[PDB]
There are 2 protein chains.
Amino acid sequence: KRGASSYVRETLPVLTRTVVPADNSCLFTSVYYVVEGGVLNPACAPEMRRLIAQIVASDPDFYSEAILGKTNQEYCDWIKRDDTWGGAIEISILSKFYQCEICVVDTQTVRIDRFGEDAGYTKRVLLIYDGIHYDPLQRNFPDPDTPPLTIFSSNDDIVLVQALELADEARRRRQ
Amino acid sequence: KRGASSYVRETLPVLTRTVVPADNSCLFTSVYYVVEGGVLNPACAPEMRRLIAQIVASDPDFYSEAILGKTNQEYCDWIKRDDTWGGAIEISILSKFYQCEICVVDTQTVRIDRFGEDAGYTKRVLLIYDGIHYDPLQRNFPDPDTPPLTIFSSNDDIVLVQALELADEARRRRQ
């Protein structure tokens, strides 16, 4: 029969995805979810786009065509549209605003893209990206009381270890 | 446009499954794969079953009905059949024989079952189990030269962190 006495069971916290709506707002909704401590607000994008436009218009010395791929005013008009999709340029701006490292695991390349890698921020948050859609990641614990965590120490590299595994498994399921 | 300059890419080694045949030999084939350094030998089971029977018959003081769920002779006849499936009793015996901790991640319970947890072995190997089929796990590296690794230090808990993630993702895909 079974053998239940011949081993010691172990468990640890794991990272899990929380799914946000599959629309062009997903970057903004995912970022809000993790910097807010794990709370979905599907209406956050217009305020976040306005914030990004304010930041970019206020620093044209930095935010030029070479960075934005559009003129500074053209970019600001563009980010304020309700139909545009966010990406790396906006994640970099939001990382600086929130003063938080944003680590995006990419399931197409099995790599983490770290925004704020050298900034000395004390916290990091994680998203997962498949080339079109972003979702937020959180740490779930193996106990019934601890709520999920979305904001990590920037010295916590366990989350990076686990995120990469999740990306690798996703890319293998895709293949 | 794209934003490729605004982040630092990072990667790390990840654990991956190597698939062994979907038949009743899978425990034995998976164990051979990892203790042999990552080599599939689909013909290993008869020799491994004979070894287990020899070990059990040689220590009836320990290997009684309370451990085996059969009489010692009934167990030895049973393990030598070519149609029987291995499980925890056999993993515990093989862990002692190989002097290696065998860590089975269970995708039904999202837990690692550690055989040899307190034995002071200096190496560990990992399998993944879904309630019926075992496959071996290995560490693959993000470079073209390092071959995959199946035998870890028993102080390497990164492999446990990553295995649990893989189990969690498997149980969520099942649901």
# chains A, B, ... in the order shown; residues from 1 in each chain; ligands from 1
$ interface_residues --of "chain A" --to "chain B" --cutoff "10 Å" --atoms "only C-alpha atoms" --output "number ranges by chain"
A: 1-17, 65-70, 87-93, 102-106, 109-118, 142, 158-170, 172
$ residues_around --residues "residue A:36" --least-positions-apart "6" --cutoff "10 Å" --atoms "only C-alpha atoms" --output "ChimeraX atom specification"
/A:30,150-151
$ write_last_selection --atoms "C-alpha atoms" --output "CSV table (one decimal), in the first residue's frame"
chain,number,residue,atom,x,y,z
A,30,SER,CA,-1.8,45.4,-14.5
A,150,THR,CA,2.3,42.1,-5.1
A,151,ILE,CA,5.1,44.4,-3.8
$ select_by_dssp --residues "stretch 97-160 of chain A" --states "strand (DSSP E or B)" --output "MDAnalysis selection string"
chainID A and resid 101:106 111:115 123:129 134:140 149 152:153
$ write_last_selection --atoms "N, CA and C atoms" --output "PDB file, in the first residue's frame"
ATOM      1  N   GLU A 101      10.819  49.165  -8.929  1.00  0.00           N
ATOM      2  CA  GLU A 101      11.365  48.469 -10.104  1.00  0.00           C
ATOM      3  C   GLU A 101      10.211  47.672 -10.714  1.00  0.00           C
ATOM      4  N   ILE A 102       9.973  47.743 -12.020  1.00  0.00           N
ATOM      5  CA  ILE A 102       8.887  46.942 -12.617  1.00  0.00           C
ATOM      6  C   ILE A 102       9.604  45.883 -13.417  1.00  0.00           C
ATOM      7  N   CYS A 103       9.318  44.612 -13.110  1.00  0.00           N
ATOM      8  CA  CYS A 103       9.996  43.471 -13.751  1.00  0.00           C
ATOM      9  C   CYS A 103       8.976  42.748 -14.596  1.00  0.00           C
ATOM     10  N   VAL A 104       9.131  42.771 -15.901  1.00  0.00           N
ATOM     11  CA  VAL A 104       8.169  42.140 -16.798  1.00  0.00           C
ATOM     12  C   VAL A 104       8.721  40.822 -17.288  1.00  0.00           C
ATOM     13  N   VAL A 105       8.078  39.691 -16.952  1.00  0.00           N
ATOM     14  CA  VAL A 105       8.582  38.486 -17.567  1.00  0.00           C
ATOM     15  C   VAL A 105       7.899  38.276 -18.887  1.00  0.00           C
ATOM     16  N   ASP A 106       8.739  37.972 -19.873  1.00  0.00           N
ATOM     17  CA  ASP A 106       8.320  37.905 -21.257  1.00  0.00           C
ATOM     18  C   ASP A 106       8.257  36.439 -21.612  1.00  0.00           C
ATOM     19  N   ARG A 111      12.722  35.791 -20.556  1.00  0.00           N
ATOM     20  CA  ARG A 111      13.642  36.768 -19.966  1.00  0.00           C
ATOM     21  C   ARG A 111      12.795  37.729 -19.155  1.00  0.00           C
ATOM     22  N   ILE A 112      13.388  38.325 -18.130  1.00  0.00           N
ATOM     23  CA  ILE A 112      12.710  39.365 -17.355  1.00  0.00           C
ATOM     24  C   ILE A 112      13.287  40.669 -17.803  1.00  0.00           C
ATOM     25  N   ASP A 113      12.368  41.533 -18.184  1.00  0.00           N
ATOM     26  CA  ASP A 113      12.835  42.885 -18.516  1.00  0.00           C
ATOM     27  C   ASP A 113      12.703  43.780 -17.274  1.00  0.00           C
ATOM     28  N   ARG A 114      13.811  44.264 -16.738  1.00  0.00           N
ATOM     29  CA  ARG A 114      13.815  45.013 -15.460  1.00  0.00           C
ATOM     30  C   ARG A 114      13.874  46.521 -15.722  1.00  0.00           C
ATOM     31  N   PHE A 115      12.806  47.191 -15.298  1.00  0.00           N
ATOM     32  CA  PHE A 115      12.790  48.668 -15.490  1.00  0.00           C
ATOM     33  C   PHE A 115      13.084  49.292 -14.130  1.00  0.00           C
ATOM     34  N   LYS A 123      11.619  48.653  -3.663  1.00  0.00           N
ATOM     35  CA  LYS A 123      10.556  47.640  -3.955  1.00  0.00           C
ATOM     36  C   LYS A 123      10.553  47.285  -5.429  1.00  0.00           C
ATOM     37  N   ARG A 124      10.006  46.096  -5.739  1.00  0.00           N
ATOM     38  CA  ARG A 124       9.786  45.653  -7.108  1.00  0.00           C
ATOM     39  C   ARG A 124       8.415  45.025  -7.242  1.00  0.00           C
ATOM     40  N   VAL A 125       7.867  45.162  -8.432  1.00  0.00           N
ATOM     41  CA  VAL A 125       6.581  44.483  -8.780  1.00  0.00           C
ATOM     42  C   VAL A 125       6.812  43.741 -10.073  1.00  0.00           C
ATOM     43  N   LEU A 126       5.959  42.720 -10.330  1.00  0.00           N
ATOM     44  CA  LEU A 126       6.132  41.825 -11.501  1.00  0.00           C
ATOM     45  C   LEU A 126       4.868  41.773 -12.360  1.00  0.00           C
ATOM     46  N   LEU A 127       5.075  41.802 -13.683  1.00  0.00           N
ATOM     47  CA  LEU A 127       4.030  41.554 -14.655  1.00  0.00           C
ATOM     48  C   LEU A 127       4.481  40.417 -15.526  1.00  0.00           C
ATOM     49  N   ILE A 128       3.517  39.784 -16.216  1.00  0.00           N
ATOM     50  CA  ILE A 128       3.828  38.745 -17.228  1.00  0.00           C
ATOM     51  C   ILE A 128       3.200  39.149 -18.561  1.00  0.00           C
ATOM     52  N   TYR A 129       3.950  38.937 -19.623  1.00  0.00           N
ATOM     53  CA  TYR A 129       3.643  39.514 -20.932  1.00  0.00           C
ATOM     54  C   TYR A 129       3.834  38.469 -21.969  1.00  0.00           C
ATOM     55  N   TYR A 134      -0.632  41.964 -21.113  1.00  0.00           N
ATOM     56  CA  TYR A 134       0.000  41.948 -19.794  1.00  0.00           C
ATOM     57  C   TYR A 134      -0.993  41.499 -18.758  1.00  0.00           C
ATOM     58  N   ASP A 135      -0.499  40.709 -17.778  1.00  0.00           N
ATOM     59  CA  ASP A 135      -1.268  40.446 -16.522  1.00  0.00           C
ATOM     60  C   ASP A 135      -0.305  40.691 -15.369  1.00  0.00           C
ATOM     61  N   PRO A 136      -0.828  41.039 -14.216  1.00  0.00           N
ATOM     62  CA  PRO A 136      -0.020  41.182 -12.989  1.00  0.00           C
ATOM     63  C   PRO A 136       0.293  39.788 -12.376  1.00  0.00           C
ATOM     64  N   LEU A 137       1.415  39.731 -11.680  1.00  0.00           N
ATOM     65  CA  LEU A 137       1.769  38.545 -10.849  1.00  0.00           C
ATOM     66  C   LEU A 137       1.746  38.895  -9.380  1.00  0.00           C
ATOM     67  N   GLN A 138       1.419  37.878  -8.550  1.00  0.00           N
ATOM     68  CA  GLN A 138       1.434  38.055  -7.114  1.00  0.00           C
ATOM     69  C   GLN A 138       1.991  36.762  -6.483  1.00  0.00           C
ATOM     70  N   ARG A 139       2.469  36.892  -5.253  1.00  0.00           N
ATOM     71  CA  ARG A 139       2.880  35.723  -4.452  1.00  0.00           C
ATOM     72  C   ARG A 139       1.738  35.238  -3.596  1.00  0.00           C
ATOM     73  N   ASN A 140       1.346  33.976  -3.763  1.00  0.00           N
ATOM     74  CA  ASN A 140       0.361  33.402  -2.906  1.00  0.00           C
ATOM     75  C   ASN A 140       1.072  32.481  -1.894  1.00  0.00           C
ATOM     76  N   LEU A 149       0.717  38.835  -1.965  1.00  0.00           N
ATOM     77  CA  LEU A 149       1.642  39.983  -1.966  1.00  0.00           C
ATOM     78  C   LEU A 149       2.007  40.360  -3.402  1.00  0.00           C
ATOM     79  N   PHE A 152       7.318  43.507  -3.660  1.00  0.00           N
ATOM     80  CA  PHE A 152       8.443  42.755  -3.059  1.00  0.00           C
ATOM     81  C   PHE A 152       9.575  43.620  -2.758  1.00  0.00           C
ATOM     82  N   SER A 153      10.450  43.178  -1.853  1.00  0.00           N
ATOM     83  CA  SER A 153      11.754  43.839  -1.746  1.00  0.00           C
ATOM     84  C   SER A 153      12.537  43.726  -3.056  1.00  0.00           C
TER      85      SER A 153
END
$ atom_distance --atom1 "atom CA of residue A:34" --atom2 "atom CA of residue A:171"
23.2 Å
$ decode --residues "stretch 92-168 of chain B" --atoms "C-alpha atoms" --output "PDB file, in the first residue's frame"
ATOM      1  CA  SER B  92      12.078   5.461  -0.539  1.00  0.00           C
ATOM      2  CA  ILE B  93      14.072   2.241  -1.230  1.00  0.00           C
ATOM      3  CA  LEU B  94      15.796   3.810  -4.255  1.00  0.00           C
ATOM      4  CA  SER B  95      16.663   6.965  -2.387  1.00  0.00           C
ATOM      5  CA  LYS B  96      18.497   4.870   0.269  1.00  0.00           C
ATOM      6  CA  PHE B  97      20.215   2.744  -2.411  1.00  0.00           C
ATOM      7  CA  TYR B  98      21.421   5.726  -4.467  1.00  0.00           C
ATOM      8  CA  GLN B  99      22.155   7.715  -1.289  1.00  0.00           C
ATOM      9  CA  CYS B 100      20.450  10.688  -2.880  1.00  0.00           C
ATOM     10  CA  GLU B 101      17.444  12.731  -1.716  1.00  0.00           C
ATOM     11  CA  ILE B 102      14.570  12.172  -4.207  1.00  0.00           C
ATOM     12  CA  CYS B 103      12.173  15.143  -4.276  1.00  0.00           C
ATOM     13  CA  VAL B 104       8.873  14.476  -6.025  1.00  0.00           C
ATOM     14  CA  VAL B 105       6.752  17.465  -6.852  1.00  0.00           C
ATOM     15  CA  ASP B 106       3.126  16.531  -6.797  1.00  0.00           C
ATOM     16  CA  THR B 107       0.904  18.546  -9.148  1.00  0.00           C
ATOM     17  CA  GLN B 108      -2.261  17.445  -7.379  1.00  0.00           C
ATOM     18  CA  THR B 109      -1.294  18.837  -3.958  1.00  0.00           C
ATOM     19  CA  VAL B 110       1.345  21.448  -4.937  1.00  0.00           C
ATOM     20  CA  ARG B 111       3.812  20.009  -2.470  1.00  0.00           C
ATOM     21  CA  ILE B 112       7.233  18.380  -2.754  1.00  0.00           C
ATOM     22  CA  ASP B 113       7.514  15.019  -1.214  1.00  0.00           C
ATOM     23  CA  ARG B 114      11.140  14.686   0.037  1.00  0.00           C
ATOM     24  CA  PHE B 115      12.532  11.173   0.409  1.00  0.00           C
ATOM     25  CA  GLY B 116      15.732  11.255   2.493  1.00  0.00           C
ATOM     26  CA  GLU B 117      14.995  14.626   4.047  1.00  0.00           C
ATOM     27  CA  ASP B 118      17.108  14.004   7.115  1.00  0.00           C
ATOM     28  CA  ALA B 119      19.622  11.486   5.751  1.00  0.00           C
ATOM     29  CA  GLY B 120      22.466  13.945   5.177  1.00  0.00           C
ATOM     30  CA  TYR B 121      22.861  12.974   1.542  1.00  0.00           C
ATOM     31  CA  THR B 122      24.841  15.501  -0.374  1.00  0.00           C
ATOM     32  CA  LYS B 123      22.812  15.336  -3.603  1.00  0.00           C
ATOM     33  CA  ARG B 124      19.147  15.594  -4.596  1.00  0.00           C
ATOM     34  CA  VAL B 125      17.194  14.756  -7.746  1.00  0.00           C
ATOM     35  CA  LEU B 126      13.667  15.865  -8.743  1.00  0.00           C
ATOM     36  CA  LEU B 127      10.679  14.153 -10.349  1.00  0.00           C
ATOM     37  CA  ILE B 128       7.226  15.537 -11.192  1.00  0.00           C
ATOM     38  CA  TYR B 129       4.105  13.481 -10.580  1.00  0.00           C
ATOM     39  CA  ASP B 130       0.467  14.022 -11.510  1.00  0.00           C
ATOM     40  CA  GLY B 131      -1.137  11.121  -9.652  1.00  0.00           C
ATOM     41  CA  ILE B 132      -0.455   8.575 -12.348  1.00  0.00           C
ATOM     42  CA  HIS B 133       2.660   9.420 -14.374  1.00  0.00           C
ATOM     43  CA  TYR B 134       6.138  10.420 -13.223  1.00  0.00           C
ATOM     44  CA  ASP B 135       8.597  12.386 -15.381  1.00  0.00           C
ATOM     45  CA  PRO B 136      12.125  13.510 -14.449  1.00  0.00           C
ATOM     46  CA  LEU B 137      13.064  17.209 -14.039  1.00  0.00           C
ATOM     47  CA  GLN B 138      16.326  18.841 -15.036  1.00  0.00           C
ATOM     48  CA  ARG B 139      17.868  22.336 -14.904  1.00  0.00           C
ATOM     49  CA  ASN B 140      18.435  23.897 -18.275  1.00  0.00           C
ATOM     50  CA  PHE B 141      20.831  26.847 -18.579  1.00  0.00           C
ATOM     51  CA  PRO B 142      20.562  29.982 -20.617  1.00  0.00           C
ATOM     52  CA  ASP B 143      23.698  29.393 -22.629  1.00  0.00           C
ATOM     53  CA  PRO B 144      24.481  27.009 -25.470  1.00  0.00           C
ATOM     54  CA  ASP B 145      27.293  25.045 -23.839  1.00  0.00           C
ATOM     55  CA  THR B 146      26.217  23.914 -20.393  1.00  0.00           C
ATOM     56  CA  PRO B 147      24.444  20.567 -20.578  1.00  0.00           C
ATOM     57  CA  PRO B 148      21.260  20.137 -18.483  1.00  0.00           C
ATOM     58  CA  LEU B 149      21.817  19.132 -14.856  1.00  0.00           C
ATOM     59  CA  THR B 150      19.759  16.506 -13.030  1.00  0.00           C
ATOM     60  CA  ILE B 151      21.787  16.048  -9.819  1.00  0.00           C
ATOM     61  CA  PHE B 152      21.786  18.998  -7.432  1.00  0.00           C
ATOM     62  CA  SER B 153      23.374  19.822  -4.166  1.00  0.00           C
ATOM     63  CA  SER B 154      20.979  18.972  -1.317  1.00  0.00           C
ATOM     64  CA  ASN B 155      21.506  22.547  -0.163  1.00  0.00           C
ATOM     65  CA  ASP B 156      20.170  23.930  -3.520  1.00  0.00           C
ATOM     66  CA  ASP B 157      16.716  25.118  -2.664  1.00  0.00           C
ATOM     67  CA  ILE B 158      16.286  27.107  -5.891  1.00  0.00           C
ATOM     68  CA  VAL B 159      15.280  23.855  -7.571  1.00  0.00           C
ATOM     69  CA  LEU B 160      12.528  23.421  -4.953  1.00  0.00           C
ATOM     70  CA  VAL B 161      11.297  26.988  -5.536  1.00  0.00           C
ATOM     71  CA  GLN B 162      11.050  26.399  -9.262  1.00  0.00           C
ATOM     72  CA  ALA B 163       9.542  22.924  -8.986  1.00  0.00           C
ATOM     73  CA  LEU B 164       6.713  24.220  -6.863  1.00  0.00           C
ATOM     74  CA  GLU B 165       5.978  26.876  -9.409  1.00  0.00           C
ATOM     75  CA  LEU B 166       5.768  24.282 -12.136  1.00  0.00           C
ATOM     76  CA  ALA B 167       3.407  22.194  -9.994  1.00  0.00           C
ATOM     77  CA  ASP B 168       1.223  25.148  -9.220  1.00  0.00           C
TER      78      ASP B 168
END
